[PDB]
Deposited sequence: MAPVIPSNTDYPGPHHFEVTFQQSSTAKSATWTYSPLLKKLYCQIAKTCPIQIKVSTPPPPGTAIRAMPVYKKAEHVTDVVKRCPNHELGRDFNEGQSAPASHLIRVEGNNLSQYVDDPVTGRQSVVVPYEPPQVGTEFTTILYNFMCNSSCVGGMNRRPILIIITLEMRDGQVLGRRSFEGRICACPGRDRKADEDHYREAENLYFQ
């Protein structure tokens, strides 16, 4: 059963790219991306957007999957899910139709597919690919992450984004580390400060 989903960057025939729009630099920001650390910081259940770009359009019926995987060797074969206390509680579950066990939801998409793989047990969310507005650059996807990094037990998570044909064939792949808490702006500032401490230590 315990497969590790493939992760390597794969630009593919359509030069699939995943980027992040410009983010607030405030301690109060609802999400923020650190280019320095290559880390996306978001808040539980709040909009956490990515930007997709392709160089030419993909074929008809293409989709985009998001699949979280734990990064550390001792966790990599464990399926990433909502923590049980969030899963069985009321918060963000009532009035919502997405399965409570899933970590990743998509906001603003009514053709979302929450997948629980029967063979691997991996959980992911798939949406159909939508091209950008005529003459514009990016397709935006609004994710919502439904647990904090503090919920388990931090265990770093990689979010693997794939461009996929209707038959499942991978046409592109990128990934990013996602960090979730009630103070993402503060976490960015602290991680960047700690990083800088050490980056001035090198000799020459």
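Undergrad: How would you write out the unmodelled ranges of the deposited sequence, numbered from 1?
TA: Those stretches are 1, 155-157, listed in order.
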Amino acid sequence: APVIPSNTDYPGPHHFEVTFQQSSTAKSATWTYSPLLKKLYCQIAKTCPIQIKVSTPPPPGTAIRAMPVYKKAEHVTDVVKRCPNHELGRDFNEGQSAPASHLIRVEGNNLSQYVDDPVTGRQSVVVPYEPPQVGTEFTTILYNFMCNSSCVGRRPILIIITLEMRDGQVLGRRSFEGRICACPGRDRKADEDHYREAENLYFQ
From here on, numbers count along this sequence of modelled residues.
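Rigid core: the largest C-alpha set superposing within 1.5 Å between the two forms.
Undergrad: Please indicate which stretch deviates more in 7 other deposited structures of this protein: 30-38 or 160-168, judged by C-alpha RMS distance after a core superposition?
TA: Farther from the shown form on average in 7 other deposited structures of this protein: 30-38.
Undergrad: After a core fit, does 122-130 or 86-94 show the bigger CA gap to the shown form in 7 other deposited structures of this protein?
TA: After the core superposition, the stretch with higher RMS deviation in 7 other deposited structures of this protein is 86-94.
Undergrad: Would you tell me which stretch averages the higher CA B-factor in the PDB entry, 54-62 or 136-144?
TA: Stretch with the higher mean C-alpha B-factor: 54-62.
Undergrad: Taking the mean of the C-alpha B-factors per stretch from the entry, tell me the winner out of 73-81 and 93-101.
TA: The entry gives the higher C-alpha B-factor average to 93-101.
Undergrad: So if I compare the CA B-factors in the entry for 28, 32, 162, 43, which one is the largest?
TA: Of the candidates given, the C-alpha B-factor peaks at 28.
Undergrad: Of the choices 153, 172, 49, 68, which one's C-alpha carries the largest B-factor in the record?
TA: That would be 153.
Undergrad: Going by the CA temperature factor in the PDB record, which third of the chain does residue 128 belong to: lowest, middle or highest?
TA: It falls in the bottom third of the chain.
Undergrad: Lowest, middle or highest third of the chain for the C-alpha temperature factor of residue 106?
TA: For residue 106, whose C-alpha B-factor we compare with every modelled residue in the chain, the answer is the lowest third.
Undergrad: Check where residue 193 lands among this chain's C-alpha B-factors and tell me if it's the lowest, middle or highest third.
TA: According to the entry, residue 193 has a C-alpha B-factor in the chain's highest third.
Undergrad: Ordered by C-alpha B-factor within the chain, which third holds residue 37? Give me lowest, middle or highest, please.
TA: Highest third.
Undergrad: Looking at the entry's B-factor column for C-alpha atoms only, identify whether residue 88 ranks in the lowest, middle or highest third of its chain.
TA: Residue 88: CA B-factor falls in the middle third of its chain.
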